[PDB]
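Protein chains in written order, with the entry's author numbering: chain H, 3 to 85; chain I, 3 to 85; chain G, 3 to 85; chain L, 3 to 85; chain A, 3 to 58, 61 to 299, 308 to 320, 330 to 370, 372 to 431, 434 to 505; chain B, 3 to 58, 61 to 299, 308 to 320, 330 to 370, 372 to 431, 434 to 505.
Ideal Cβ placement from N, Cα and C applies to all residues, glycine included.
Everything on this sheet refers to the single structure shown next.
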Amino acid sequence: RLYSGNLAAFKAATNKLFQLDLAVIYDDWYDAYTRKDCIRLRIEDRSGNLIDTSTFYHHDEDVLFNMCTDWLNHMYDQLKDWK
Amino acid sequence: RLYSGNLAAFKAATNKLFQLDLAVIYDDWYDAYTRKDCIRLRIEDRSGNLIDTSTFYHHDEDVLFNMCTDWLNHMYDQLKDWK
Amino acid sequence: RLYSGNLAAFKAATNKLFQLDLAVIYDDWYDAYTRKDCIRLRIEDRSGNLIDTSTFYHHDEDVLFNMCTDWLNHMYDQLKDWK
Amino acid sequence: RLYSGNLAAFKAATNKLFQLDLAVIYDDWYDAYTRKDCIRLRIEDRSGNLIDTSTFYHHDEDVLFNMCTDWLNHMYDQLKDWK
Amino acid sequence: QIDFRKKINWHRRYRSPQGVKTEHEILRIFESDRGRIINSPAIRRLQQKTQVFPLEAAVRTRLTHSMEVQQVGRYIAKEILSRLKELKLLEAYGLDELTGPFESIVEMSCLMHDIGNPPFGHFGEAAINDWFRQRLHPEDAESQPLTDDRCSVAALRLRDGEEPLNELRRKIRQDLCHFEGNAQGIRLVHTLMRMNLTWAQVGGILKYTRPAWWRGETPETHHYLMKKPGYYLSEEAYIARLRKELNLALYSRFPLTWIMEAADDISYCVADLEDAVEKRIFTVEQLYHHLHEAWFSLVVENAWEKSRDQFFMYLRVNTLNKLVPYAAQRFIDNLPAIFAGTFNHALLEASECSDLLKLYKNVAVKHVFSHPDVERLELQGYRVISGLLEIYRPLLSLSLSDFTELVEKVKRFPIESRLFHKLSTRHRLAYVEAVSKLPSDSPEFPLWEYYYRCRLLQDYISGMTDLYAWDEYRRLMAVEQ
Amino acid sequence: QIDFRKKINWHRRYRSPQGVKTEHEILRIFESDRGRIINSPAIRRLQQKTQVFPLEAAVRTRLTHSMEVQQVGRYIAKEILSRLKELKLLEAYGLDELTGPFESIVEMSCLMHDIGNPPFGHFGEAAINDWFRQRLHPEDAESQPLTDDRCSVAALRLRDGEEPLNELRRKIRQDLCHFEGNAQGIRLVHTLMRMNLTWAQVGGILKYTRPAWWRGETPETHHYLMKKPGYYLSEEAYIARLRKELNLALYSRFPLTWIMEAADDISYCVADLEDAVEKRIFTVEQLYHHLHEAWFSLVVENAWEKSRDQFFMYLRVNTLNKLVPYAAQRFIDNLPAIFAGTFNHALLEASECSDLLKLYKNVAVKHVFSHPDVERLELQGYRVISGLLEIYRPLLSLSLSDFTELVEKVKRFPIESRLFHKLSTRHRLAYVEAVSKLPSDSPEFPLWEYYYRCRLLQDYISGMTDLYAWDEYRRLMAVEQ
């Protein structure tokens with residue numbers, strides 16, 4: 003199963019994004035065609051407009067959560083220069 | 003369900019017959035054609051030869067056991083004149 | 003440890019000897035010189051006079067009890083012709 | 003054994019000295035030559051330099067703790083004029 | 003002639019693999035046998051049976069002890085194989101392509117030693133034996149029929165005037181009062197669980213060869229191999245075929261069994277001692293004092317001096342390095358007699375090894391087994407087993423017709441029907457299969473039916489754990505809800 | 003170049019056997035290592051930790069599951085060795101005289117997989133992590149010093165104006181909130197128990213390679229081998245030497261570990277399913293219905317049709342004969358990458375094997391893990407661990423001088441002294457040895473002392489069983505006498 007520390011890091015990244023006056027939308031499912039699990043994240047604002055949306059595929063959830071957290075930190079660095 | 007006293011009386015009659023050097027064979031089933039339950043009793047001896055055999059039909063088991071006990075007592079009176 | 007059945011057989015032999023109006027005296031110890039255990043049995047009567055006395059040595063108690071029981075049965079056969 | 007209130011008063015004096023930007027060093031042992039118990043206190047500062055050091059001897063610990071607390075309050079009054 | 007290809011048989015009783023096979027196929031067969039043994043409910047039942055102290061701390065159960073016996077057996081087998089390979093006798097004895105099966109069979113035999121003991125151990129067997137001895141009185145059938153027969157069963161009384169039926173009553177009455185753990189283990193592995201093991205694996209757990217229905221003295225050439233019952237009367241035919249599959253004569257023993265027995269003799273001492281310290285009974289200093297008083309130089313002095330959780334890890338190793346090569350040399354020296362199956366001694370049975379083992383044993387008896395808790399648990403277990411047998415007694419007082427009718431489906437036997445339904449499915453199926461094969465016309469049918477009914481009761485009683493039997497005993501006595 | 007003589011190292015950290023040795027001496031060394039591992043208190047602690055269902061019936065514990073993992077690992081190792089011997093590559097790879105050590109190392113690694121998990125498993129680790137995250141707040145040290153530092157420890161705050169000491173605070177704060185079972189297992193095997201295992205045996209239980217104090221993204225060439233923490237900061241030096249003893253680069257993995265991982269993936273499914281039937285949750289018919297709905309032909313159809330205690334014994338065998346050769350071929354095909362230590366995949370990670379394993383896993387998740395009892399036990403364990411940490415909190419609020427004085431012998437700290445005396449001897453000795461070696465003059469002493477104090481607390485909390493922790497939690501809360 004998923005390790006607790008990875009979930010904690012993902013939650014910390016989500017809280018950091020939310021404190022930046024942004025909205026994080028999380029969706030997930032499984033794709034049997036590719037035999038993997040898929041997670042899509044859609045970033046928004048206080049008005050509810052899409053900014054960045056990306057989907058990740060993997061067969062192990064520990065790597066998937068790490069990739070998602072890395073992407074969230076990358077966007078936070080990008081959009082935290084200002085605004 | 004069957005009342006305890008009726009079963010006790012039937013067991014007492016069976017023991018009285020058995021102490022008389024006789025054998026009591028009990029069989030039972032249900033007849034859905036007549037919508038009732040059937041009990042057949044076959045009396046024997048120390049050698050294993052049939053003497054008297056009778057079958058009773060009824061929809062309530064309390065009356066059925068009473069009839070069986072009455073028949074057993076009647077045969078005991080009949081065959082306890084001697085032998 | 004000693005098996006229960008062997009002890010039961012030894013007790014049965016002792017009771018059979020005792021019912022024959024005899025007395026069984028049991029003594030035991032360990033001999034470190036021979037590195038074994040020793041059991042001596044002394045048979046007596048109602049007056050308290052020695053009749054037969056024998057000692058057995060062994061390193062395993064299961065065989066020792068079997069030998070003792072065999073000897074007790076042998077004497078019982080010997081002295082149960084009469085008296 | 004030591005009474006709770008005396009220990010509480012000693013702890014309060016220690017906290018008052020520590021809030022005054024001072025350090026209190028406590029050492030204790032038993033002297034069988036004098037047949038008593040000995041407690042030494044060494045006051046210091048944020049740099050770690052000795053200022054006042056005293057040792058007390060007694061056979062009962064309740065009096066010993068009272069003497070120590072009295073000395074600590076006396077120094078606090080002395081050095082709390084300023085600095 | 004020594005040829006271990008005539009003793010390591012990989013055939014089975016059902017759906018046996020026939021034809022020719024190579025080393026890899028044989029190894030896969032024995033790995034499959036390991037797979038069946040390890041994943042069995044009997045091992046998980048071993049998980050919750052007591053060894054010395056009551057189950058709480062980190063005291064040992066049956067399973068952890070079996071795990072030490074397995075390790076010792078494997079190490080002895082490896083030493084034997086290495087010593088045989090050094091002397092260039094490995095290929096001349098037929099063991100060139102059978103080392104893996106050798107070690108696997110020894111390990112699995114060591115793992116299945118305690119599979120058949122009843123709850124509470126030595127005090128459970130005693131209770132069963134005394135109860136059935138009171139019910140049957142086997143000592144009154146040793147000779148011609150008497151008038152004072154104390155047996156409580158009408159069909160088992162020795163009624164003068166018939167000698168062919170009497171022999172059978174004598175056999176059944178003597179057999180029913182000799183419950184033993186290893187015979188029940190054989191019965192469990194073959195009949196109750198239906199594991200379908202290879203012939204060699206089943207032969208590896210046949211420790212003693214005396215039949216349970218034996219009366220009288222045993223031959224002087226087998227007095228050690230026949231000191232305990234080996235198998236029951238319901239397995240006789242089976243055992244016969246086993247001999248034909250392993251070229252064993254009457255009252256003979258399978259070679260590798262010796263090794264297993266040796267292992268059960270080393271661990272038996274040392275482990276118990278360690279647990280005494282962990283339950284806060286006494287300490288290391290007292291250990292040495294008692295050992296020195298009850299007494308050697310090498311092991312004891314090295315252990316006591318190099319020490320001044331890690332003391333026992335040092336004490337074991339020295340004992341193993343002193344004992345295992347002795348057992349290997351004893352096995353190799355008397356190899357023809359062991360391969361014949363007539364060796365009337367044990368491997369470790372006047373060297374210093376016997377003295378060291380006796381030292382450990384007497385210290386354990388003096389300072390551990392005399393504790394009040396063990397003694398109290400022993401009395402409580404005896405009483406619980408006796409009470410359970412008394413509770414289930416009414417099932418044995420019925421008649422042939424009544425019990426037969428009760429098996430096929434009753435309204436005349438409420439209490440008896442509920443008691444019967446309380447039994448397990450496997451035991452009832454075993455009874456059904458055993459009784460179906462009997463000829464329904466011979467005058468010997470009631471005798472066999474009573475024997476199998478008593479066997480069913482003993483299987484049920486012996487198939488419990490300590491906690492389950494204790495809880496069930498309080499529930500059936502209306503002491504707890 | 004592949005040469006397994008450079009990877010199977012029989013040297014030790016203390017009192018290592020130097021010089022030249024033959025096959026027999028090496029085999030004896032590894033047998034001795036088995037002797038130390040099997041007779042350890044950690045295994046007897048595994049005896050009483052829950053797997054899925056609460057400890058009562062014949063449900064499984066950690067130990068019985070470890071016994072299946074061991075069997076699967078040994079069978080896979082034997083298949084690999086046989087396939088290599090068939091192709092005449094056994095002598096060219098340096099494995100001619102090292103088959104026994106191979107199998108023994110794989111088995112012992114499979115036995116020690118669950119040695120370091122805390123009580124209640126996944127819910128124990130979560131509780132420890134959240135408690136320490138609340139106390140330390142590691143997310144506030146990722147960058148230059150802030151004014152809103154939420155840390156509750158004065159010495160661990162990032163006070164701007166000093167960059168050499170800050171790096172250390174960051175490392176300690178990040179490490180203390182990443183308790184993980186395998187890192188604790190390594191720490192237990194080396195520091196706390198002092199078993200003195202060989203280098204290969206210790207390397208066999210290093211599953212993941214990411215340091216616990218890691219911050220940021222991992223390289224794309226190691227994203228699978230670094231998905232979980234691998235070791236703590238107190239073992240870093242040790243791990244360094246381990247690499248020098250096994251020719252492993254940074255963030256690399258020991259070959260045989262792959263095999264062990266594979267085993268932990270097969271048993272993980274099937275066993276759980278069987279226990280669901282034994283606790284009377286549903287039955288065989290429902291099993292097939294759910295499997296068919298959630299879905308293959310060979311295993312499922314043979315199991316369902318040949319069946320019409331013995332169903333699972335038939336279901337396992339087919340799954341093993343379908344899965345083990347696939348793992349052996351995957352190991353042999355990618356051998357150079359595994360021997361290098363950089364293979365970024367798992368053996369069983372699009373074949374039908376993945377589909378069958380996913381079928382078993384999803385059926386188990388749907389019908390077993392959703393039962394109310396598991397869920398309730400999971401919540402209760404979380405609360406118990408949190409309560410124990412809250413109870414022992416006052417030990418972490420003291421000062422350096424106070425805790426140092428308390429260790430050496434107090435009259436000023438009654439409650440704290442009793443709480444400290446409640447801890448075990450081994451953990452306190454480990455703390456003493458760890459702190460003694462520190463330079464007593466550097467400005468980094470308080471940081472290390474706090475780190476080792478927190479390590480002592482975590483070792484104590486993680487060294488319990490479920491029942492012991494539960495009982496101690498009720499005793500310390502004055503709920504039971």
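Give me the chain A residues within the contact set of residue i, using Cβ-Cβ distance strictly less than 9 angstroms, ordered along the chain.
| i | result |
| --- | --- |
| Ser-56 (chain G) | Within 9 angstroms Cβ-Cβ: nothing; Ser-56 (chain G) doesn't reach chain A, min ~16 angstroms. |
| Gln-49 (chain B) | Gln-49, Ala-62, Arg-64, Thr-65, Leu-67, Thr-68 |
| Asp-47 (chain G) | Those do not exist, as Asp-47 (chain G) stays about 23 angstroms from chain A at its closest Cβ, beyond 9 angstroms. |
Is residue i close to chain A? Criterion is C-beta to C-beta, closer than 9 angstroms.
| i | result |
| --- | --- |
| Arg-17 (chain B) | no |
| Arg-44 (chain G) | no |
| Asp-72 (chain G) | yes |
Quick check: residue i and residue j, are their CB atoms within less than 9 angstroms of each other?
| i | j | result |
| --- | --- | --- |
| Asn-68 (chain L) | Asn-17 (chain L) | no |
| residue 559 (chain B) | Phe-258 (chain B) | This structure cannot speak to residue 559 (chain B), because chain B is shown only from 3 to 505. |
| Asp-30 (chain G) | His-61 (chain G) | no |
| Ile-41 (chain I) | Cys-70 (chain I) | yes |
| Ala-253 (chain A) | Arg-245 (chain A) | no |
| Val-110 (chain A) | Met-334 (chain A) | no |
| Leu-140 (chain B) | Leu-160 (chain B) | yes |
Using a Cβ-Cβ cutoff of less than 6 angstroms, which residues in the same chain neighbour residue i once the five nearest sequence positions on both sides are dropped?
| i | result |
| --- | --- |
| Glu-101 (chain A) | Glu-25 |
| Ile-119 (chain A) | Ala-44, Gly-189 |
| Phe-12 (chain I) | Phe-67, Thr-71 |
| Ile-31 (chain B) | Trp-12 |
With a threshold of 7 angstroms on Cβ separation, who are the neighbours of residue i within its own chain once the five nearest residues in sequence on each side are excluded?
| i | result |
| --- | --- |
| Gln-49 (chain A) | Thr-65, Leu-67 |
| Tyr-28 (chain G) | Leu-43 |
| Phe-183 (chain A) | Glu-129, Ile-132, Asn-133, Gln-482 |
| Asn-75 (chain L) | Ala-15 |
| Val-76 (chain A) | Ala-267, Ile-270, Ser-271 |
| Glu-63 (chain G) | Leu-4, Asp-39 |
Under 9 angstroms between C-beta atoms, does residue i make it to chain G?
| i | result |
| --- | --- |
| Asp-134 (chain A) | yes |
Would you mind telling me which residues of chain A sit closer than 8 angstroms to residue i, beta carbon to beta carbon, in chain order?
| i | result |
| --- | --- |
| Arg-198 (chain B) | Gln-331 |
Taking 9 angstroms as the threshold (beta carbon to beta carbon), is residue i in contact with chain H?
| i | result |
| --- | --- |
| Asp-377 (chain B) | yes |
How would you list, in chain order, the residues of chain B whose beta-carbon sits under 8 angstroms from the beta-carbon of residue i?
| i | result |
| --- | --- |
| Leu-52 (chain L) | Correct list: empty, because the minimum Cβ distance to chain B is about 15 angstroms. |
Would residue i count as contacting chain B if we go by Cβ distances under 9 angstroms?
| i | result |
| --- | --- |
| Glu-63 (chain L) | yes |
Taking C-beta pairs closer than 7 angstroms, name the residues in chain I that residue i reaches, listed in chain order.
| i | result |
| --- | --- |
| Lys-435 (chain A) | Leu-4 |
9 angstroms is my cut-off, CB to CB: does residue i come that close to chain I?
| i | result |
| --- | --- |
| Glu-427 (chain A) | yes |
| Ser-423 (chain A) | yes |
Could you tell me which chain G residues have their CB closer than 9 angstroms to the CB of residue i, listed as they occur along the chain?
| i | result |
| --- | --- |
| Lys-232 (chain A) | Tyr-5, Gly-7, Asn-8, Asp-64 |
Just to make sure I have the definition right: I need the residues of chain H whose C-beta is within less than 9 angstroms of the C-beta of residue i. Which are they?
| i | result |
| --- | --- |
| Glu-370 (chain B) | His-61, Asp-62 |
Ordered along the chain, which non-local residues of its own chain (more than five positions away) have a Cβ less than 8 angstroms from that of residue i?
| i | result |
| --- | --- |
| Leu-295 (chain B) | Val-312, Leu-381, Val-385 |
Residues of the region 7 to 29 of chain I with Cβ closer than 7 angstroms to any Cβ of chain A, in chain order: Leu-9
Short of 7 angstroms Cβ to Cβ, which residues in the region 211 to 230 of chain B face chain H? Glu-221, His-227, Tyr-228
Note down, in chain order, all residues in the region 111 to 135 of chain A with a beta-carbon under 7 angstroms from any beta-carbon belonging to chain G. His-126, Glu-129, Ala-130, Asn-133
Residues in the region 167 to 185 of chain A with C-beta within 8 angstroms of chain G's C-beta atoms, listed in sequence order? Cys-181, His-182, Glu-184
When Cβ atoms are compared, which residues of the region 134 to 168 of chain B fall closer than 7 angstroms to chain H? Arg-137, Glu-143
For the region 20 to 35 of chain A, enumerate the residues whose C-beta is nearer than 8 angstroms to any C-beta of chain B, in chain order. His-26, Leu-29, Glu-33, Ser-34
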